[PDB]
Amino acid sequence: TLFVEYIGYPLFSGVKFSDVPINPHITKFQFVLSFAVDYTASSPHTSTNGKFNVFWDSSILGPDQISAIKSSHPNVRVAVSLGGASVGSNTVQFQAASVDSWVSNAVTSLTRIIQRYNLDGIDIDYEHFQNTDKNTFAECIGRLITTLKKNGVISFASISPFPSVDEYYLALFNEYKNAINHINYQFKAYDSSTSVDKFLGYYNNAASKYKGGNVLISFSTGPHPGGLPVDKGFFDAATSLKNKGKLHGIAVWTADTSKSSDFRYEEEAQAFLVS
């Protein structure tokens, strides 16, 4: 069993790792830090050609907290997510000056961050491609994961696509299928009207597009409607998937939003996985 928890965005929640219920029967619990971005730290925010900066709050989610949570919970690993939607008010656009130059900067900067925070993995969450092309993105990301794995810096890697970005992610997946461990598909991207049957249709569509990739299901705990809601039939769909041998795991966006529901959903989903 795999459960994935995004954490550190939205900003200023105050949520700690220790705030989140961790079910001891889960085989793999992965925290995912959001985000490291290759943009300048302060406004106006501009692209840095793969020189990553830390946009989560290190005073709350730091190297000592990471060590402590892992020590307390042997099932816990921690990864970092690249990109995200926005930095400050500026849209995060994937941009490379050259493939070689971006990759060199990314490997140096990420290797430092990963070693410093005691991390086990990365996640890919770029969502805007207006200043790039699919091949350039596939090559940059593919070389980065492949290198980091070869150097022994990371154990695992994931991607977090959705239908409007599928073209970019499919290029990356078809080009580098052995470098990607699982796929945290963003089901919250679909309409609020989506039924149980339609969700299952979406899941099978995702499984087919990413053939032979392991696709996780997901929900949002955010204040805005998206997809098939967690408590409005998500568990029925999840149950059909489980009975069929089709449930790879569940991903949640995000611990920061979940403070308002008191982590009820995190607790429900983990219990569901392990039953």
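Above this text sits the structure in question.
This report concerns the structure included in the present document. (Residues numbered from 1 in each chain as written, not as in the entry; some residues may be left out. Heavy atoms only, no water.)

On to the packing of helix 5 (residues 196-209) against helix 6 (residues 230-243), then. Between helix 5 and helix 6, the least distance of the axes is 9 Å, while the angle of their chain directions is 50°. Relative to helix 6, the element helix 5 is oriented oblique. Between helix 5 and helix 6 the crossing geometry is right-handed. Residues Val196, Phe199, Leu200 and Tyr203 of helix 5 touch helix 6, and the partners they reach there are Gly233, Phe234, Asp236, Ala237, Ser240 and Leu241. Class assignment for the residues of the contact of helix 5 with helix 6 results in seven nonpolar, two polar and one charged. (Axes fitted to C-alpha atoms, helices over the stretch in contact; angles between N-to-C directions. Helix = DSSP H or I, 4+ residues; strand = E, 2+ residues; numbered from the N terminus. Parallel < 35°, antiparallel > 145°, perpendicular 65-115°, else oblique. Left-handed = near helix turned anticlockwise from the far one by under 90°. Contact = heavy atoms within 4.5 Å. Nonpolar A, V, L, I, M, F, W, Y, C, P; charged D, E, K, R; others polar.)

The next subject is the packing of aromatic side chains. One pass over the full model with this rule turns up 26 aromatic pairs. Ring centres of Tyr185 and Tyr210 lie 6.3 Å apart, and the angle between their planes is 65°; on these two criteria the pair is classed as edge-to-face. Of this pair, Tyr185 sits in the loop between strand 9 (182-184) and helix 5 while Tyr210 is found in the loop between helix 5 and strand 10 (215-220), placing the two residues 25 residues apart along the sequence. You can call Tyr210 buried: its relative accessible area is 0%. Here the aromatic cluster, defined as three or more aromatic residues joined through ring pairs, consists of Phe173, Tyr185, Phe187, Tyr190, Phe199, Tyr202, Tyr203, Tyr210, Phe219, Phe234, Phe235 and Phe272. The residue whose ring lies beneath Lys242 is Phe272, and the NZ or CZ to ring-centre distance is 4.7 Å. (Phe/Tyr/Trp six-rings, centres within 6.5 Å; stacked < 30°, edge-to-face > 60°. Buried < 20%, exposed > 50% of the residue type's maximum accessible area, 1.4 Å probe, protein only. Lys NZ or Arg CZ within 6 Å of the ring centre and 35° of its normal.)

Turning to helix 8 (residues 264-274), a few remarks are in order. Structural remark: α-helix, 3.6 residues per turn; residues separated by three or four positions point the same way. Three or more residues of helix 8 are buried, namely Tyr265, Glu266, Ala269, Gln270, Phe272 and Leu273. For helix 8, the arc enclosing every buried residue in end-on projection is 155°, short of the 170-degree limit, so these residues lie on one face. Along helix 8, the residues that are exposed and aim more than 90 degrees away from the buried face are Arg264 and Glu267. On the buried face of helix 8, the contacting elements are strand 1 (2-7), strand 2 (28-37), strand 10, helix 6, strand 11 (250-253) and helix 7 (255-258). (Arc of directions from axis to C-beta.)

A separate point is the pairing of strand 2. Buried residues dominate strand 2, accounting for nine of its 10 residues. Pairing analysis gives six bridges linking strand 1 to strand 2, with the strands arranged parallel. By the bridge assignment for strand 2, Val4 is matched with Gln30. (Pairing = 2+ DSSP bridges.)

Per the counting criterion, the structure on display carries five salt bridges. Across the salt bridge formed by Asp100 and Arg143, the nearest N and O atoms sit 2.8 Å from each other. In this pair, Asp100 sits in helix 2 (residues 99-116) while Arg143 sits in helix 3 (residues 134-150), placing the two residues 43 residues apart along the sequence. For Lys134, the salt bridge goes to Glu167, with nearest N and O atoms at 2.9 Å. Taken together, the residues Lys134 in helix 3 and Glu167 in helix 4 (residues 166-175) connect sequence positions 33 residues apart. One network of salt bridges, with partners in common, ties together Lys70, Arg77 and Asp120. (Salt bridge = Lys/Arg side-chain N within 4 Å of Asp/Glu carboxyl O.)

The next subject is the packing of helix 2 against helix 3. Their axes nearest at 10 Å, the elements helix 2 and helix 3 cross at an angle of 40°. Here helix 3 runs oblique to helix 2, going by the angle between their axes. Crossing hand, helix 2 versus helix 3: right-handed. Along its contact with helix 2, which presents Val99, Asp100, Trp102, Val103, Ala106, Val107, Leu110, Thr111 and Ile114, the element helix 3 presents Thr136, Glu139, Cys140, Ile141, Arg143, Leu144, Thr147 and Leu148.

The subject of this paragraph is the side chain of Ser109. One can find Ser109 in helix 2. A residue is classified by how much of its surface remains accessible, and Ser109, at 13% relative accessible area, is buried. Here the side chain of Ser109 touches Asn105 through a polar contact of 2.8 Å, landing on its backbone oxygen. Looking at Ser109, its side chain comes within polar contact range of the main-chain oxygen of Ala106, at 3.5 Å. Excluding its chain neighbours within four sequence positions, the residues that come into contact with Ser109 are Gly50, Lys51 and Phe52. (Polar contact = N/O pair within 3.5 Å; in protein donor to acceptor, adjacent residues only side chain to side chain.)

A word on the environment of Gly212. For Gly212, the location among the structural elements is in the loop between helix 5 and strand 10. Between the C-alpha atoms of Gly212 and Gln130, which are 82 residues apart in sequence, the distance is 29 Å.

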